[PDB]
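[1] Here is my input; please provide its structure:
(2 chains, ligands or ions: 1)
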Amino acid sequence: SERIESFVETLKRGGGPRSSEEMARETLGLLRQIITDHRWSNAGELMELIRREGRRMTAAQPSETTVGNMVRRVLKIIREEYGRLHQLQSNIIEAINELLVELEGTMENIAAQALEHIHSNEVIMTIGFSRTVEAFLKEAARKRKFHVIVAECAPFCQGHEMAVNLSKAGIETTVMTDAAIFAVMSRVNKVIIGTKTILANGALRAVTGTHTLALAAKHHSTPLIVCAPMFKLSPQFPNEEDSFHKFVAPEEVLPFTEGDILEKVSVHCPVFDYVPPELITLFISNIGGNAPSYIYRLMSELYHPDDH
Amino acid sequence: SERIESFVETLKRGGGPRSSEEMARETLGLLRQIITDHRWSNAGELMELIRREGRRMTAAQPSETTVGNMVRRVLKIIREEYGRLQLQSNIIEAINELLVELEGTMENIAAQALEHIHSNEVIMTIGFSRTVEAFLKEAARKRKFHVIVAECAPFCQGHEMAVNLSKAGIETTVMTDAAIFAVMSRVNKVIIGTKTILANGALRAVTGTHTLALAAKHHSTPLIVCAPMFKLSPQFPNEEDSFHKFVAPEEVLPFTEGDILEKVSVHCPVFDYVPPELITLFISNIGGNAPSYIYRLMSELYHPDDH
Ligand SMILES: O=C(COc1ccc(Cl)cc1)N[C@H]1CC[C@H](NC(=O)COc2ccc(Cl)cc2)CC1
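    Residues are numbered from 1 along each chain as shown, chains lettered A, B, ... in the order given. Next comes the structure:
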């Protein structure tokens, strides 16, 4: 039925399911359902329906790149499925089920490869809460006691919660304000950041302090990993400008109090930022450990030239 | 008497007094004696004698820059002495004052140590110097840091200092010279002692100082070169290849393994060249001056007879 419309409203109003493959489980859900029982013609009328419902879905807040990402991957499974087909619903829904089960284990396998990086007594450093970086760092509690420096930035700040969820289970964290990321980072090694979405050229679109942070990395020459799973490799190299973000209400940065000053003064609030591929020095991923400058072909491994 | 000739032979054969106030106390000695009783004319015949005995003294092994350095400073005290101008009383008295001022370098240059090294801070030095060891020993009434010392420079005279430190102080580890780039990714605050420092701001030091300072201005950690006064040499780096000491290649290849030593060329340099584009502070005997200021400090001491 048209419960997807509710879903089309659900992404419209906001209220995030915290990126935990819930957008992916949902997009797989609705694509499974529209894939299940709909109109049927042989010659990709299903694919045309995927383009229509696709572009209607992408008409949401243009930041949830996972929605269109798994949409396009469903299309590539359709194209290869027909490619071998040269009863298709059985093969398509089965392979989509296999992609679901493969998606069902990202946060474990991307966290197994952790002992091979962090060593004893090694002052790691991140910024901003992320599920994968916390799970990833929790499987390195069967090794020695390092430190963790976490930045408290990007207000409204969703960051501390992580400083709790770590320090009551693990290593000796300290929490620094965002405006002190250059007295620190003279005494550190091995920076990690989680990623909101990563671009085709090799860019990280992340939380609103990622840049200003990576610049310090390629100033003191410390390597920064951006641990990010699959299904977040977005096409469309950074052409569209200023729709790249989320501008939120300036209540979060200035209070509605202090009247009259708020007549003539301009307030800005960006949620994301731009990390170019000239500063990332490894990707830890779900299947391999690929470098920055290789990421290109990995994208060609997944998609098809209908990247629009 | 002509015991200076013995001294002129003493620097000739080698056998260093460590550079620890032997070269300066001696040069002050012989300059005091030649200053004391010699030929006398009013119009700087003493100064001409200082030029003659000076250039004869500088005809030693051209690396002991302290000898000519204190020679030239004696000349500047002569020039200012005549400038204000029984002159022997004033000259020998002021030279005595310069001696007593020279008598306390390694303490006052080591007082200013608590204001730099902090708790839990992995310092790092290459080679061994009296002033860097005394300097680091007065920071043992603060917390337990590490010290990473490189075992460079065959003959590798590096360790004695790791002994003389470890049995009195912090947890030092000793690395070979060929591992100064797996380390120096996990360090801060490098220190090096200086054999002599040039006018432009250069450090002429032990034979691994370069390749180390390059790592400092690659990972951007600051390197202090703690060096007292009297070692500010004029003569910006013009004279080439007399800038060193080439020693016998027995120290790097053994006289054993015959016939290979027919056709193969062995090199052995003792010093190297650190340019002023990489040093990031000087801790000194009177102040704490930066690199790019060092220029006028030299003009504070000498006179344009710098040859
Ligand atoms: O625990 C801390 C303090 O951590 C912070 C300091 C400041 C801030 Cl803002 C946050 C955290 N510092 C330690 C961390 C281990 C290190 N390394 C060692 O203990 C020894 O490591 C070495 C030593 C020598 C070599 Cl060659 C290699 C590693 C010393 C400094």
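[2] Need the three-state assignment for the closest residue in space to residue A:254 that isn't next to it in sequence.
    The shortest distance from residue A:254 to any residue that is not its chain neighbour, by C-beta to C-beta, 6 or more residues apart in numbering or on different chains, is 5.5 Å, and that residue is residue A:267. (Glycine included, C-beta is placed from N, CA and C.) Per DSSP: H, G, I helix; E, B strand; the rest coil, the local secondary structure of residue A:267 is coil.
[3] Could you give the number of residues near residue A:267?
    Burial measure for residue A:267: 11 neighbouring residues, criterion other C-beta atoms under 10 Å in any protein chain shown.
[4] Distance check, it against chain B.
    In this view, residue A:267 and chain B are 35 Å apart by C-beta to the nearest C-beta, to the nearest Å.
[5] Quick one: residues contacting that residue.
    Contact criterion C-beta atoms under 8 Å, 6 or more residues apart in numbering or on different chains gives A:250, A:253, A:254 as the residues in contact with residue A:267.
[6] Of the residues you listed, keep whichever come out buried.
    Neighbour-count burial (16 or more other C-beta atoms under 10 Å in any protein chain shown) applied to the contacts of residue A:267 gives no buried members.
[7] and which of these is nearest to residue A:171?
    Nearest to residue A:171 among those is residue A:253, at 32.1 Å by C-beta to C-beta.
[8] Return the backbone torsion pair for the closest one.
    Here is the backbone geometry of residue A:253 (degrees, to the nearest 10): phi -110, psi -30.
[9] ditto for the one 10 residues further on
    Recorded main-chain torsions at residue A:263 are phi -80, psi -60, according to degrees, to the nearest 10.
[10] What of the one 3 residues further on?
    Main-chain torsions, residue A:266, degrees, to the nearest 10: phi -100, psi 130.
[11] What is the burial count for it?
    Summarising burial for residue A:266: neighbours were counted as other C-beta under 10 Å, giving 5.
[12] what do you get for residue A:46?
    Taking other C-beta under 10 Å as the neighbour definition, residue A:46 ends up with a count of 20.
[13] I'd like the distance between it and residue A:198.
    Separation of residue A:46 from residue A:198 (C-beta to C-beta, to the nearest Å) stands at 29 Å.
[14] How about the residue nearest to the spatial centre of chain A, nearest residue that isn't a chain neighbour?
    Chain A has residue A:196 as the residue nearest its centroid, 3.1 Å off, counting by C-alpha atoms, centre = their mean. Leaving out its chain neighbours, the residue that sits closest to residue A:196 by C-beta to C-beta, 6+ apart is residue A:206, at 5.0 Å.
[15] Kindly tell me how buried that neighbour is, as a neighbour count.
    Number of residues near residue A:206 (other C-beta under 10 Å) recorded here: 27.
[16] So it sits against residue A:195, correct?
    Yes: at 5.4 Å, residue A:206 counts as touching residue A:195 under the criterion of C-beta atoms under 8 Å.
[17] Give the residues shared as contacts by those two.
    Common contact partners of residue A:206 and residue A:195 (C-beta under 8 Å, 6+ apart): residue A:226.
[18] Chain B contacts on chain A?
    A:122, A:186, A:187, A:189, A:219, A:220, A:221, A:222 (C-beta under 8 Å from any C-beta of the partner chain).
[19] please redo it, this time with the cut-off set to 6 Å
    If contact is defined as C-beta under 6 Å from any C-beta of the partner chain, the residues of chain A in contact with chain B are A:189, A:220, A:221.
[20] In these, which residue is surrounded by the most others?
    Counting neighbours by other C-beta under 10 Å, residue A:220 leads these with 18 neighbours.
[21] And the strands in chain A, which stretches?
    Ranges of strands in chain A, per DSSP state E, are A:124-127, A:147-152, A:172-177, A:191-192, A:197-198, A:204-205, A:224-225.
[22] nearest to residue A:239, of the ones you listed?
    Closest approach to residue A:239 among the strands of chain A is made by strand A:204-205 (13.4 Å; C-beta to C-beta).
[23] which residues touch that closest one?
    Outside strand A:204-205, the residues that touch it by C-beta atoms under 6 Å, 6 or more residues apart in numbering or on different chains are A:195, A:196, A:197, A:198, A:226, A:272, A:275.
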